[PDB]
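A quick write-up on the structure given underneath.
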Amino acid sequence: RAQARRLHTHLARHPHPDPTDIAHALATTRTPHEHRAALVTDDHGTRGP
Amino acid sequence: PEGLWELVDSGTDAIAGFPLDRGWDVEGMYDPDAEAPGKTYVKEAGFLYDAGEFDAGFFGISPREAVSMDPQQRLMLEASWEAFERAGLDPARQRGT
Amino acid sequence: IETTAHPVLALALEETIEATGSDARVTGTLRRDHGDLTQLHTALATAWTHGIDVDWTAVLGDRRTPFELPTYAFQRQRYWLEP
Amino acid sequence: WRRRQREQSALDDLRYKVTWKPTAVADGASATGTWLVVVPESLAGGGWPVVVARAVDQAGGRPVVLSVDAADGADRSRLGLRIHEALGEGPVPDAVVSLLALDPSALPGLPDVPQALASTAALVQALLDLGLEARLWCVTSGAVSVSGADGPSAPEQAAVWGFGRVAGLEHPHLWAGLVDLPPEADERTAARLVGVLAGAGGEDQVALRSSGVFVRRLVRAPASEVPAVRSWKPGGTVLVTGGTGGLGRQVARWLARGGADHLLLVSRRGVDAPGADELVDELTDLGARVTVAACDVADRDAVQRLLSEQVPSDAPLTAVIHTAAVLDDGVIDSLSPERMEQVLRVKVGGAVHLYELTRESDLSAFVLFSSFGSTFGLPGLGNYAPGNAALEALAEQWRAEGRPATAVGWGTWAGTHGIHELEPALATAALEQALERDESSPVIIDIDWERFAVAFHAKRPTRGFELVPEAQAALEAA
Ligand SMILES: Nc1ncnc2c1ncn2[C@@H]1O[C@H](COP(=O)(O)OP(=O)(O)O)[C@@H](O)[C@H]1OP(=O)(O)O
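Residue numbers (the entry's author numbering), protein chains in the order written: chain X, 492 to 540; chain W, 56 to 152; chain C, 832 to 914; chain L, 966 to 1380, 1394 to 1456.
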């Protein structure tokens, strides 16, 4: 939950970042830990909520 | 690094009072004169008040080991993990490198 | 993993699993009226969430702009020796 | 020697001091839901209000700016109607932010009350009337002094802080905490303010400064190792307000037992008080030249004329004691600005008038008797805590001005659950030690932590008694 909140705050202060770049950075450049979650949606209006 | 940039750019002074949770007798170790054992004339200095804070469970360190662990080692572990994460490198995948 | 266009044996597999005391997990690929790339990526994400080492390099390409992300959210606790 | 050692150890066992522990800046969280910000109309859109509104706007919440007139801030019913109409037809508030304490003005018609305390009381009891479940945070400016670098704390915001302290116990859910701010508005300070305001809890009494963030906490302060300087030998006239009362009588006889020249007692009744004749009899038997008075202390003309005529010419006033105050018990649900006017008349007005009429004659000391309720806070001490809280701020103001002021905090005199009584001789000796150690704001209470700590924690979870090892031991025991 802390990771999700931190990512939300970080993305809030960013001028429309590319969602695919964020997806690649999260998938490749981060360790996969035990408790996992995912967000899959085709429009950049539901990802924030 | 962004926090450091915010601090220096705003011209904020980080000097503050001594820590009180470290067992220091801060009330009884201040006198004005410059020559006395066990006493100092400085009220304030930079400090990490969360120096003892450490995520022991993340690195597989038990609480009893962490209590008997130098704060320098804990801070260096956390800072190294953060630095590797900020470099675009997965710290777990650096194993054996 | 059910490789169908719609799960049909998910109920039976779940019933067998819960009636055995095993922590197995069941997933499907597509569903009725949902067969675009969005549903495929949803299935892949669910499989990864359950702990399958999905190769995201194929899905998301080989290399993109190095977007910067916040570090891990450490849940720190105080450890200090008393005097 | 054995008696002296034992009593000195017991005396130092009951010594304490309030201070401000620095702490790590909280990471903060997102401001969920809608937040109701209430601001004075006098401030309008100036410094702190616009910046805190912007900070909560970027925090994820939606600000609701609600300017309030100074007159409107007094009445609870009118203020509650203002809240209802401003917030009406919308979501209920997740939290409430009160900038009302930032107005440095007195209530018209009740000149001996500050607008800040009345406005805060009106806001909290109006929120009680509306039945809202929101958590209330009140912000102050220049209310406390974390260290010597700060300027002296002002009286009215200190009274607000004491009011909040007492309110936090009887209404744990409604009242959340207090957050002092520096004199000058800044975006970084506002960001840290919204960060701490969204925290889970525990950091009730905190203060923000350019140096950082601090949390108010209480520590032990034994005076065994501190050298004695300027031993208490009052030579001239000693003015004691409310000498005919209990604490005043005890202080008067303590003055009589050594270093007594002329005990100028002042009381509303004076001779008519129940036992004045006996008290003056023993005081004269101990060689004290007693001279009681029958006049209210709040009246400036009365005390001015009393100083002019009742002071012997052969004994200028050096020591002054203020321990006179009407005990108007009341609950937060039944407070009104007239009651605060009656309570805050005697203490604050008398202290200010005594200070003002002085400055033409040197003073050895100027003692003030604040209560434990100012420091800890107790349920039911709503009408009584704020004046005691303002006494420390007044003493700090005068100490910065360069006068020998003291704001000694007191417990329960032998003449509650957990707090034990204080003996006359032991309390007087502790007061002597405090004066001859030059304590700007000592705290002289005795308590059994094994019961008091668990009782206070049950009343409200807090991290005030963290640096006392006995408190931690009691907390872990339960
Ligand atoms: N404004 C004032 N001017 C003079 N005396 C005052 C006063 N306000 C309170 N007192 C005195 O201070 C006394 C308070 O001491 P007390 O022993 O009566 O109760 P306690 O010590 O709890 O405050 C009051 O009883 C009152 O006695 P008089 O009314 O006979 O003076």
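The beta-carbon is built from N, C-alpha and C at its ideal position, and this holds for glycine as well.
CB contact flag (residue i, residue j, <7 Å)
i, j, result
"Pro1117 (chain L)", "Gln1362 (chain L)", "yes"
"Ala1099 (chain L)", "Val1061 (chain L)", "yes"
"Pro1447 (chain L)", "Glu1135 (chain L)", "no"
"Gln1411 (chain L)", "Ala1188 (chain L)", "yes"
"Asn1353 (chain L)", "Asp1293 (chain L)", "no"
"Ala1408 (chain L)", "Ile1425 (chain L)", "no"
"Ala996 (chain L)", "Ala1024 (chain L)", "yes"
"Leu1146 (chain L)", "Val1104 (chain L)", "yes"
"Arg1041 (chain L)", "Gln1090 (chain L)", "yes"
"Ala1355 (chain L)", "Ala1108 (chain L)", "no"
"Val1021 (chain L)", "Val1159 (chain L)", "yes"
"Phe109 (chain W)", "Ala121 (chain W)", "yes"
"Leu1067 (chain L)", "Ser1106 (chain L)", "yes"
"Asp512 (chain X)", "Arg894 (chain C)", "no"
"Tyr910 (chain C)", "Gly107 (chain W)", "yes"
"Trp1197 (chain L)", "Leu1052 (chain L)", "no"
Limits of the unbroken alpha helix (DSSP H) element including residue i
i, result
"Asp1077 (chain L)", "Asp1077 (chain L) -> not in any alpha helix (DSSP H); beta strand (DSSP E) instead, spanning 1075–1079."
"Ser1339 (chain L)", "1337–1340"
"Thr1105 (chain L)", "No alpha helix (DSSP H) contains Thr1105 (chain L), which is instead part of the beta strand (DSSP E) from 1100–1106."
"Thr873 (chain C)", "868–881"
"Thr511 (chain X)", "510–519"
"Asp1246 (chain L)", "1241–1250"
"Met131 (chain W)", "126–141"
"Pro1447 (chain L)", "1447–1455"
"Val1016 (chain L)", "1013–1023"
"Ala495 (chain X)", "493–503"
"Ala1132 (chain L)", "1120–1135"
"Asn1348 (chain L)", "Where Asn1348 (chain L) is concerned, there is no enclosing alpha helix (DSSP H), given that its DSSP letter is neither H nor E."
"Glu899 (chain C)", "Looking at the DSSP string, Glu899 (chain C) is not in any alpha helix (DSSP H), and its letter there is neither H nor E."
Where the beta strand (DSSP E) through residue i begins and ends
i, result
"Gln1170 (chain L)", "1170–1173"
"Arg1310 (chain L)", "Unbroken run through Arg1310 (chain L): none, as it is neither H nor E."
"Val1373 (chain L)", "1370–1375"
"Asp64 (chain W)", "No beta strand (DSSP E) contains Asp64 (chain W), which is instead part of the alpha helix (DSSP H) from 57–65."
"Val1061 (chain L)", "1060–1063"
"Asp1145 (chain L)", "1140–1146"
"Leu1271 (chain L)", "Not the beta strand (DSSP E): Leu1271 (chain L) falls in the alpha helix (DSSP H), residues 1265–1275."
"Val1203 (chain L)", "1202–1206"
"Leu1230 (chain L)", "1227–1231"
Chain D contact for residue i (CB, 7 Å cutoff)
i, result
"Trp879 (chain C)", "No chain D is part of this structure, whose protein chains are labelled X, W, C and L."
Residue(s) in a DSSP beta bridge with residue i
i, result
"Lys986 (chain L)", "L:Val1180"
"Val1291 (chain L)", "Answer by DSSP bridge pairing: none, since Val1291 (chain L) is not bridged."
"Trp1000 (chain L)", "L:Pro1028, L:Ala1060"
"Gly112 (chain W)", "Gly112 (chain W) is not bridged to any residue."
"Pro1005 (chain L)", "L:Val1033"
"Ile1422 (chain L)", "L:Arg980, L:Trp1375"
"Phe1430 (chain L)", "None; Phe1430 (chain L) has no bridge partner."
"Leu1400 (chain L)", "L:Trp1378"
"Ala1071 (chain L)", "L:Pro1079"
"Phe73 (chain W)", "DSSP output for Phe73 (chain W) lists no bridge partner at all."
Beta-carbon contacts of residue i that lie in its chain and below 6 Å, excluding the five residues immediately before and after
i, result
"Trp1219 (chain L)", "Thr1406"
"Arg1415 (chain L)", "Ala1188, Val1191"
"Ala1290 (chain L)", "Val1311, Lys1312"
"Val1030 (chain L)", "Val1002, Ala1018"
"residue 1387 (chain L)", "In the model shown, chain L runs from 1380 to 1394 with nothing in between, leaving residue 1387 (chain L) without coordinates."
"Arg1265 (chain L)", "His1318"
Contact set for residue i: own chain, Cβ-Cβ below 7 Å, skip 5 residues either direction
i, result
"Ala89 (chain W)", "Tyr96"
Own chain, CB closer than 8 Å to residue i, minus 5 neighbours either side, in chain order
i, result
"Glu1247 (chain L)", "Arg1218, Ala1221"
"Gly1201 (chain L)", "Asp1226, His1227, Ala1280, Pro1281, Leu1282, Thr1283, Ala1284, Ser1329"
"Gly1012 (chain L)", "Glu1149, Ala1150"
"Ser1418 (chain L)", "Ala1360, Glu1361, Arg1364, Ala1370, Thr1371, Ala1372"
"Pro1056 (chain L)", "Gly998, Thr999"
Is there contact between the stretch 133–146 of chain W and the stretch 835–854 of chain C, where contact requires at least three CB pairs shorter than 8 Å? Flag = no, the stretch 133–146 of chain W and the stretch 835–854 of chain C do not touch.
If contact is defined by three or more beta carbon pairs under 8 Å, each pair taking one atom from either stretch, is the stretch 514–533 of chain X in contact with the stretch 985–996 of chain L? no
Cβ pair count under 8 Å reaching 3, the stretch 1085–1099 of chain L against the stretch 1047–1060 of chain L: At 8 Å Cβ cutoff, the stretches touch.
Cβ pair count under 8 Å reaching 3, the stretch 1289–1308 of chain L against the stretch 1118–1138 of chain L: As far as the Cβ criterion goes, the stretch 1289–1308 of chain L touches the stretch 1118–1138 of chain L, which means the pair count is three or higher.
Do the stretch 1227–1243 of chain L and the stretch 1253–1264 of chain L meet, that is, are 3 or more Cβ pairs less than 8 Å apart? Taking 8 Å as the limit for Cβ pairs, the verdict is that the stretch 1253–1264 of chain L does touch the stretch 1227–1243 of chain L.
For the 8 Å Cβ check, are there 3 or more pairs between the stretch 1063–1083 of chain L and the stretch 1033–1043 of chain L? yes
Does the stretch 892–906 of chain C touch the stretch 1364–1379 of chain L, meaning 3 or more C-beta pairs lie closer than 8 Å? no
Assess, as a yes-or-no matter, whether the stretch 871–890 of chain C is touched by the stretch 57–72 of chain W under the definition of 3 or more beta carbon pairs within less than 8 Å. no
Per the contact definition of three or more C-beta pairs closer than 8 Å, is the stretch 966–976 of chain L in contact with the stretch 511–521 of chain X? no
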